[PDB]
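Only one chain is shown below, in structure tokens, and it's the form deposited in one PDB entry.
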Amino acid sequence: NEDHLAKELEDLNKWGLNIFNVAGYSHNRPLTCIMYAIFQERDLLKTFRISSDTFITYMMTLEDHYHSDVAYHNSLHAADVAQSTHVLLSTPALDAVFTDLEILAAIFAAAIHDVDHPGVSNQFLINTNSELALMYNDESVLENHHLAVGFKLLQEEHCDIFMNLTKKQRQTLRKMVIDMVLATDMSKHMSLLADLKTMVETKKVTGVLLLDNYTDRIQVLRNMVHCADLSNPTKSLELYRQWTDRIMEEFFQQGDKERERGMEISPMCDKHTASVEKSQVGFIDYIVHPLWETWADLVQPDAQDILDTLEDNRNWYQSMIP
């Protein structure tokens, strides 16, 4: 259970990495593990002078703030999203486009984007008057929280992995990370899809994309991490079904919490009524495919592989409904 880990890590730069396998061969530290692997592969610890033991201790601690008892939003998902972002950042069509600071930001954001997630939605927290909804005034409650926890763990010197960055670089990195994580709030999905469509319709090239200013670059990065977040169904069917099983256990866990309390249960989180299979088809047709077809458009043909699989998996789930 150490050579197996290195064998699985050869696919670090591939969509086909199996994060459940690395979780198993890493003594259940998939996020610490994958984040160290990625930072080395990109020479980020050297480029930004991050001490290796500082990095390990931060990551072990960030990972410890992902809850083991939530089915989906644990450190396995942060790891999956970080690694998925790492791959999209290498898409040939975006080759030389982002600074190393922008690259650092995207990967760090992916790693923290769901830290301390309680396993319930923004809507539940708001309708139960939770302390978190009061803190954040019902706006992007969880996403604001995830950013707060992530940045709060940097406050201590033994853990400030951004210590040797310029003062200006910490401000831009912080502005960028805030922007990317807030962009994972699913109630911003349509707003993000619309803007991504506008950039496809006005795209320049060389065959590498032209992004004139910051507003363009961070708008791609927001959509990248959102795509990474919502990339489960574009993975090979074996992985996608494990993710489907996790997310649905979590959602049914929440509908049970809604039933215990007499509030109305949303059809999709109802374990007595809801079809797992039909809800995945709907999830794909109305959210995931519209988004990944557009991302595919922006980077074509780099993402055509992902789009075929997405479509294949979609058809597999459709033909599992009676």
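Here, rigid core means the biggest group of C-alpha atoms that superpose within 1.5 Å across both forms. When you see a residue number, it is the position in the sequence shown, counting from 1.
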property: Where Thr206 meets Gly207 in the shown sequence, the number of deposited residues left unmodelled; result: 1 to 3
property: 166 to 174 set against 110 to 118, stretch whose average Cα temperature factor tops the other in the entry; result: 166 to 174
property: Average Cα temperature factor in the PDB entry - higher stretch of 256 to 264, 60 to 68; result: 256 to 264
property: Options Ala148, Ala105, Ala82, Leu210 - largest CA temperature factor per the record; result: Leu210
property: Of the residues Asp229, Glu250, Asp95, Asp138, the one carrying the largest Cα B-factor as recorded; result: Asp95
property: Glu131, C-alpha B-factor rank within chain (lowest, middle or highest third); result: middle
property: Third of the chain, ranked by Cα B-factor, where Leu182 sits; result: lowest
property: Chain-wide C-alpha B factor ranking for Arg241, given as lowest, middle or highest third; result: middle
property: Entry-reported Cα temperature factor of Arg49, expressed as the chain third it lands in; result: middle
property: For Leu89, the third of its chain into which the C-alpha B factor falls; result: middle
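We do not show the form deposited in another entry, though everything after this point is about it.
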item: Moved residue between this form and the one not shown - picked from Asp69, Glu293, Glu264, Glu41, where its Cα shifts 2 angstroms or more relative to the rigid core; value: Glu264
